[PDB]
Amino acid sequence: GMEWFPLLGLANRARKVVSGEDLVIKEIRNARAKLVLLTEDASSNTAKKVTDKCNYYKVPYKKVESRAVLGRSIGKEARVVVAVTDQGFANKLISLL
């Protein structure tokens, strides 16, 4: 019931994942982000800025529990926001979240 975790890792090793608020906003603006993942513990300001951007540009977004789990899913210690730049991986992740 946590298949999204290894899948996001697969997407990252396929170089289809970018992380960090600034870089994610860049992918959204370039129409390359097909799914954005943000943590429930993101700062109020960060969550607001990112979700407003996603909604404006019609990019789907989903939230995961913590920055530890999001970071670990892609081999890092912690991440607050990431973007998946491949439609295939995005569609699969959306159905698992």
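One-based numbering along the sequence shown.
When the mean C-alpha temperature factors of 27-35 and 41-49 are read from the deposited coordinates, 41-49 comes out higher.
Ranked against the other modelled residues of its chain, the C-alpha B-factor of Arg67 as given in the entry falls in the middle third.
Looking at the C-alpha B-factors along this chain, the one for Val80 belongs to the lowest third. Split the chain's modelled residues into thirds by C-alpha temperature factor. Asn12 is in the middle one. Ranked by Cα temperature factor within the chain, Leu96 sits in the highest third according to the deposited record.
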